[PDB]
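If you read the sequences in order, they're chains F, E and Q. Per the authors' numbering, the very first residue in the first sequence carries number 9; after that it's consecutive. Per the authors' numbering, the very first residue in the second sequence carries number 5; after that it's consecutive. Per the authors' numbering, the very first residue in the third sequence carries number 47; after that it's consecutive. What follows is a set of notes on a single structure, which appears directly below.
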Amino acid sequence: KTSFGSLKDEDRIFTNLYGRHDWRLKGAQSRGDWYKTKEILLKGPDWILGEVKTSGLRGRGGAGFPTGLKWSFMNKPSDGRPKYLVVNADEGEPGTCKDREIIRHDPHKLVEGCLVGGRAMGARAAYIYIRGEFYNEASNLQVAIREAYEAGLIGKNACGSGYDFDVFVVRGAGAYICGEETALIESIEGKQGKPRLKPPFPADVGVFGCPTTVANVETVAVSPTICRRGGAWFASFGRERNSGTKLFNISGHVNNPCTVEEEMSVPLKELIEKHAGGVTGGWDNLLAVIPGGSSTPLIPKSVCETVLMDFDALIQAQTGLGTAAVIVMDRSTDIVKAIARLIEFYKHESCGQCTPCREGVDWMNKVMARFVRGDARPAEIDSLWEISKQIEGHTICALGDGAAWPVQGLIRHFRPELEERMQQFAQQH
Amino acid sequence: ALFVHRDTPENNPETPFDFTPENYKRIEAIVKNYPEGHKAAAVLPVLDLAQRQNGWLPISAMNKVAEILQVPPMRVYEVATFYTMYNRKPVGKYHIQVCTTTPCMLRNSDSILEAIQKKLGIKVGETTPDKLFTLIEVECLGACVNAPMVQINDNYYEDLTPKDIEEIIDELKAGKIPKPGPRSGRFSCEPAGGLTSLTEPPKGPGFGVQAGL
Amino acid sequence: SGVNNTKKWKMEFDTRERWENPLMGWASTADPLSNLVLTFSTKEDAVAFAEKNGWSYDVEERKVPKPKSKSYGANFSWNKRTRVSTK
Ligand SMILES: Cc1cc2nc3c(=O)[nH]c(=O)nc-3n(C[C@H](O)[C@H](O)[C@H](O)COP(=O)(O)O)c2cc1C
Ligand code: SF4
Ligand code: FES
Numbered sequence: 009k010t011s012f013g014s015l016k017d018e019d020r021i022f023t024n025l026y027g028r029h030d031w032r033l034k035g036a037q038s039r040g041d042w043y044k045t046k047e048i049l050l051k052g053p054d055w056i057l058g059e060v061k062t063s064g065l066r067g068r069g070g071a072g073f074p075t076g077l078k079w080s081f082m083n084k085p086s087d088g089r090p091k092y093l094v095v096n097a098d099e100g101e102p103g104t105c106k107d108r109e110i111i112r113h114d115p116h117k118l119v120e121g122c123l124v125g126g127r128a129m130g131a132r133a134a135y136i137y138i139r140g141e142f143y144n145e146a147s148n149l150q151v152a153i154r155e156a157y158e159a160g161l162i163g164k165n166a167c168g169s170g171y172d173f174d175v176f177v178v179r180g181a182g183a184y185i186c187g188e189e190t191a192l193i194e195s196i197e198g199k200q201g202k203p204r205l206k207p208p209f210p211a212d213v214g215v216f217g218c219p220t221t222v223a224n225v226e227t228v229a230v231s232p233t234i235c236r237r238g239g240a241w242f243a244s245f246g247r248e249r250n251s252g253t254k255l256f257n258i259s260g261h262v263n264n265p266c267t268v269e270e271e272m273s274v275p276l277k278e279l280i281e282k283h284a285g286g287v288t289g290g291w292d293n294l295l296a297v298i299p300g301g302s303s304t305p306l307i308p309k310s311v312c313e314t315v316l317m318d319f320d321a322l323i324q325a326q327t328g329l330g331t332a333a334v335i336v337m338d339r340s341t342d343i344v345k346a347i348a349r350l351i352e353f354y355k356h357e358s359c360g361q362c363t364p365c366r367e368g369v370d371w372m373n374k375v376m377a378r379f380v381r382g383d384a385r386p387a388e389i390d391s392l393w394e395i396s397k398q399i400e401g402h403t404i405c406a407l408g409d410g411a412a413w414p415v416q417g418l419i420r421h422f423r424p425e426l427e428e429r430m431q432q433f434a435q436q437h
Numbered sequence: 005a006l007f008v009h010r011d012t013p014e015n016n017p018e019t020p021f022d023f024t025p026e027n028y029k030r031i032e033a034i035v036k037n038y039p040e041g042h043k044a045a046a047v048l049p050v051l052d053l054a055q056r057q058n059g060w061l062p063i064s065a066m067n068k069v070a071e072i073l074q075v076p077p078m079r080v081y082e083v084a085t086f087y088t089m090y091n092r093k094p095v096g097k098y099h100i101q102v103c104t105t106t107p108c109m110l111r112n113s114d115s116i117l118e119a120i121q122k123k124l125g126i127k128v129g130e131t132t133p134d135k136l137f138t139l140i141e142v143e144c145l146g147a148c149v150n151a152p153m154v155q156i157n158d159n160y161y162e163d164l165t166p167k168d169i170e171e172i173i174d175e176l177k178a179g180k181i182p183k184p185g186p187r188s189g190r191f192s193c194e195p196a197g198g199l200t201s202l203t204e205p206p207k208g209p210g211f212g213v214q215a216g217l
Numbered sequence: 047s048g049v050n051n052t053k054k055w056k057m058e059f060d061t062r063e064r065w066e067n068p069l070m071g072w073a074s075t076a077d078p079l080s081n082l083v084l085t086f087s088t089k090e091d092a093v094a095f096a097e098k099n100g101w102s103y104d105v106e107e108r109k110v111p112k113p114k115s116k117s118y119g120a121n122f123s124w125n126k127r128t129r130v131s132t133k
């Protein structure tokens, strides 16, 4: 294969993405959910982990780590502590709204994924951490969980397999940092959402100090279908090491902003015009695209022409797939103001635990505010670049990196705009 | 917003607060979700329940949550001041929360914010003198493809225009509650002007199941 | 927290009277050794120097911080009291 991105409906996983069919148990079963769940559970964790591995699935939460290998850290003899699966539904990355649709329109896929993924890990229960703003979405998930409990699909003797499994829903209280896996765990434990240093890794010491795996909603929700249809089916989509289908969010300056499922490695231009109805004002009006949520560096129009949407392709473009949330900016956008607002976002979300982000991100925010008005000198651009490199790789968690990268992207591709603004301000003062 | 507490007549340790008997039943179910020996895990949900009953959190509410769960009061103050959804001072009946991050900013969230300020006659961060509405800005609310949008209490209102947000305020001001969701014509997150995928009937149980299962 | 000043051995002498100068209130002294501090690489060097100079001396053994057992993971213990309530 050389071309990707004409996914057929029969190959789509989230078939109620738009909520046009009954999201409840009766509709979910009619669409293939919960089918032969007992057989999957009886195959054993090694078979389930084997399927997840051969599918080439990678983390859909933004970091893209191989799921099969990650989940295998939990396949070990019990040492007396309970084992837990924590499903990350915090969905805080600006531009990203995919996990919201799964939770409210395909909740039973997430619940079944919790049971199947939990079985492979040997977990006794799944804690679903959903952000507190998603109140109606959380209630839908709770309604679905009650339906599954009453049909015996979860709880004692889940699906008749003799495996006891509970699914808990825990709501956040308004913190983007609580999407970070260790901050999420600390939040579940009743503390501030401040990340943990590693080691220990969560698979050894996690929620309540117990072996734990944190998985994104989308990563979990697809696992039952990978088991039913097989890893080879999943691995037949997208490039090698970039397998499967993916939920994309196309927001910003597009004619029809939308969420859609498409194959991995589809061209970015193909995605924006086939599904979102093209760029506002046409493709020639495109200025820049943030390809994977606010934490991934922007790329200009030239790069957008032929870049594919997968982990490897976007890395070579000096960015990343991230959450696959595409934010589109046309030529009428104040690009400096757009990025400054993201830095302001990271300033408001930093937990404040560690020095480079507590002080550095707030510092970068102040510099960006002056850059928007042009009230600076060109020498400060290289200073700002150097400051961002002192944050990246020196913080406890990746929020520090996620604040540096947007700044680096702007300087990389839009330095003359920054310098032009400075000239205007100096000319007028 | 300040992250230190100063006692006042309206908010001090002797300010009256207790959970209703029904809310004590809900607290018991919350605490049972966690392993024995780890009751501090219930601080966030129980603290939020105290806010759902009282509307906001007086220091006496924080002290009660600490007392019930047997955690030091300071550890509850830490949570209350860390998470933005906790209201540590009174808010209006309708807490309007306008997303102004870049995906929403690109689709003209400033016009929504100006429309609300003009209608209510208040600035961002203020409460109306009638104490019906409080207005603030917030970060991404996880509905970027439906920008611009606001959240009022528990409900999202999306795909907004200045006209649309004024009607919602007029309905809340008139005692009614408007329906949540997009106001542009579409139902949720599907592309406008017709679906581009999921146009065929979904397959049934057992479709594409691998052999040997 | 720096430990660089705890590397060498020292020799000081017994503290003697200081009084207030009547004119200014400055601290006066009659002890010519009041500021004498000597440095030595080892305890034996210091003791040898005191002995040949005829000074009666007291030696106090070097206090070394005991090696500790540290573990960041212990902050999140499942069943032990080492679990921290805040970060
Ligand atoms: C600031 C920050 C916010 C994050 N938010 C989320 C999130 O909302 N949802 C998510 O799945 N992962 C989020 N992550 C990534 C998680 O830490 C983690 O990598 C992921 O949940 C692992 O699950 P996965 O392997 O299925 O992707 C965030 C990371 C950081 C640093
Ligand atoms: S990088 Fe920022 S958010 Fe992450 S632990 Fe440090 S201060 Fe907290
Ligand atoms: S940027 Fe407003 S909902 Fe995401």
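The beta carbon of each residue, even a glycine, is placed where N, CA and C say it ideally should be.
Note the first and the last residue of the continuous beta strand (DSSP E) segment covering residue i.
i        : result
E/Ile100 : 98-103
E/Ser201 : That residue, E/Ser201, is in no beta strand (DSSP E); it is neither H nor E in DSSP.
F/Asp338 : 333-338
F/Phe209 : Per DSSP, F/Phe209 belongs to no beta strand (DSSP E) and is neither H nor E.
E/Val142 : 137-142
F/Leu295 : 294-298
Can you name the residues that DSSP bridges to residue i?
i        : result
F/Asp174 : F/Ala133
F/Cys266 : F/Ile258
Q/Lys56  : Q/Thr85
F/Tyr92  : F/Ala133, F/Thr220
Q/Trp65  : Q/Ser74
E/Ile156 : E/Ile100, E/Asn159
E/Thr131 : E/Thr138
E/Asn15  : E/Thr12
F/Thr253 : F/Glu271
F/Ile21  : F/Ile21 is not bridged to any residue.
Using DSSP with H/G/I as helix, E/B as strand and the rest coil, what is residue i?
i        : result
F/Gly58  : helix
F/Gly182 : coil
E/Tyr81  : helix
F/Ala97  : strand
Q/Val49  : coil
F/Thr75  : helix
E/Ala119 : helix
F/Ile138 : strand
F/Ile153 : helix
E/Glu171 : helix
First and last residue of the alpha helix (DSSP H) that includes residue i?
i        : result
F/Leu49  : 45-51
F/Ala434 : 407-435
F/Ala384 : Where F/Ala384 is concerned, there is no enclosing alpha helix (DSSP H), given that its DSSP letter is neither H nor E.
F/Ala240 : 239-243
F/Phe353 : 343-357
E/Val35  : 25-35
**Item:** Cβ-based contacts, 7 Å cut-off: residues of the segment 112-124 of chain Q near chain F
**Value:** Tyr118, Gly119, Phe122, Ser123, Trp124
**Prompt:** Going along the chain, which residues put their C-beta within less than 5 Å of some heavy atom in ligand 5?
**Reply:** With respect to ligand 5, the structure offers nothing, as its ligand set consists of ligand 1, ligand 2 and ligand 3.
**Item:** At least three beta-carbon pairs within less than 8 Å, the segment 249-257 of chain F to the segment 122-142 of chain F
**Value:** no
**Asked** Which residues, in order along the segment 69-95 of chain E, keep a beta-carbon less than 9 Å from a beta-carbon of chain Q?
**Response** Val75, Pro76, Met78, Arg79, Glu82
**Prompt:** How about the segment 234-248 of chain F and the segment 55-69 of chain F: do they share at least three Cβ pairs that are nearer than 8 Å?
**Reply:** yes
**Prompt:** If you pair each beta-carbon of the segment 387-403 of chain F with each one of the segment 354-364 of chain F, do three or more pairs fall below 8 Å?
**Reply:** yes
**Request:** Take every Cβ of the segment 58-69 of chain E, pair it with every Cβ of the segment 92-108 of chain E, and state whether three or more of those distances are shorter than 8 Å.
**Result:** yes
**Request:** Quick one: which residues of the segment 159-179 of chain F get their C-beta closer than 8 Å to a C-beta of chain E? List them in chain order.
**Result:** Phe176, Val178, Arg179
**Message:** Using a Cβ distance threshold of 8 Å, determine whether the segment 68-85 of chain F contacts the segment 115-133 of chain E, with at least three qualifying pairs required.
**Reply:** no
**Asked** Using a Cβ cut-off of 9 Å, which residues of the segment 148-162 of chain E contact any Cβ in chain F, in chain order?
**Response** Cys148, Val149, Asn150, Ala151, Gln155, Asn157, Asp158, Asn159, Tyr160
**Item:** Residues in the segment 188-207 of chain E having any Cβ partner in chain F nearer than 8 Å
**Value:** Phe191, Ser192, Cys193, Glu194, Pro195, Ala196, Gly197, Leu199, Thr200, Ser201, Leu202, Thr203, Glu204, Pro206, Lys207
**Stretch pair the segment 48-66 of chain Q + the segment 195-208 of chain E: three plus CB contacts closer than 8 Å** = no
**Asked** How do the segment 222-242 of chain F and the segment 101-113 of chain F stand: do at least 3 beta-carbon pairs fall below 8 Å, yes or no?
**Response** yes
**Item:** Residues, ordered as in the chain, of the segment 209-221 of chain F that lie near chain Q by beta-carbon distance below 7 Å
**Value:** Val213, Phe216, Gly217, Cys218
**Message:** Does the segment 386-401 of chain F come into contact with the segment 43-54 of chain F, if we say contact requires no fewer than three beta-carbon pairs (one atom in each stretch) closer than 8 Å?
**Reply:** no
**Asked** Are at least three pairs of beta-carbons, each pair with one atom in the segment 182-202 of chain F and one in the segment 152-159 of chain F, less than 8 Å apart?
**Response** no
**Prompt:** Do the segment 142-149 of chain E and the segment 103-110 of chain E meet, that is, are 3 or more Cβ pairs less than 8 Å apart?
**Reply:** yes
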